[PDB]
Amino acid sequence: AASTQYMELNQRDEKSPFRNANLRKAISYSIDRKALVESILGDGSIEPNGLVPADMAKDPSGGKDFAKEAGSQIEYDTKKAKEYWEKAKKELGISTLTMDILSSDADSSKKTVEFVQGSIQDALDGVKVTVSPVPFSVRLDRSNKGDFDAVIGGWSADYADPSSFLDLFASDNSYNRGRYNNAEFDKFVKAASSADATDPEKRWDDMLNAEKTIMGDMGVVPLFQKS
């Protein structure tokens, strides 16, 4: 029953600013997840280790948690947010960014999106962020068709397997709304999900590598876990 709430970034277009890993990292660095969960939400949500929830899956040989083994590459640091945005500006050849965050119009979702919008906008000089809270069928439709810059959503695990989360971000998965496309991520996540993944220790290592890959280039921006 563990869930991760995350923000997908639209990477569909070759020239999308969100295809720049330093921008995706600058966005993640600008959000104080501790404040979000403790002051804004206060509803049992916790800081996200990464994409796959903590305290959900155990190593197939010993008793080790997937999230602990993977480690965390999620940090809050606005000095780093600024530095990474400077790098992104140079790489992308841009001076400015205006981005919309599509979200649920649910009460907690509105408070989350407001906090995320303020955090990014405030930290990054030259970035303006708007928000579009909408009902479920609209969010779903726009997410599929790529009518968004960022979109907040999440995933809940029917069974406690890390691939339930990781499979979503394969380049060819329909749940990959931002069309994240990392060849190594695909390599790892498919190697795990294959019918020819009959060695559980290799499968575990493939899934760990998938988590570390998507967190390493911040292909999606996890916001919190609610387990």
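Start at 1 with the first residue shown and count on from there.
Visitor: Got a sec? Mean C-alpha B-factor, which is higher, 17-25 or 199-207?
Guide: Between 199-207 and 17-25, it is 199-207.
Visitor: If you average the Cα B factors in the entry, which is higher, 155-163 or 31-39?
Guide: That would be 155-163.
Visitor: In terms of the chain's CA B-factor thirds, is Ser95 lowest, middle or highest?
Guide: Tercile = middle for this residue's CA B-factor.
Visitor: Compared with the other modelled residues in the chain, in which third is the CA B-factor of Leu140?
Guide: Middle third, going by the recorded CA B-factors of the chain.
Visitor: Split into thirds by Cα B-factor across the chain's modelled residues, where does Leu51 land: lowest, middle or highest?
Guide: For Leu51, whose C-alpha B-factor we compare with every modelled residue in the chain, the answer is the lowest third.
Visitor: What third of its chain's C-alpha B-factors does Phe66 belong to: lowest, middle or highest?
Guide: Ranked within chain, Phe66 CA B lands in the highest tercile.
Visitor: Which third of the chain holds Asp107 when residues are ordered by C-alpha B factor: lowest, middle or highest?
Guide: Its C-alpha B-factor, which the entry lists for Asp107, ranks in the highest third among residues of this chain.
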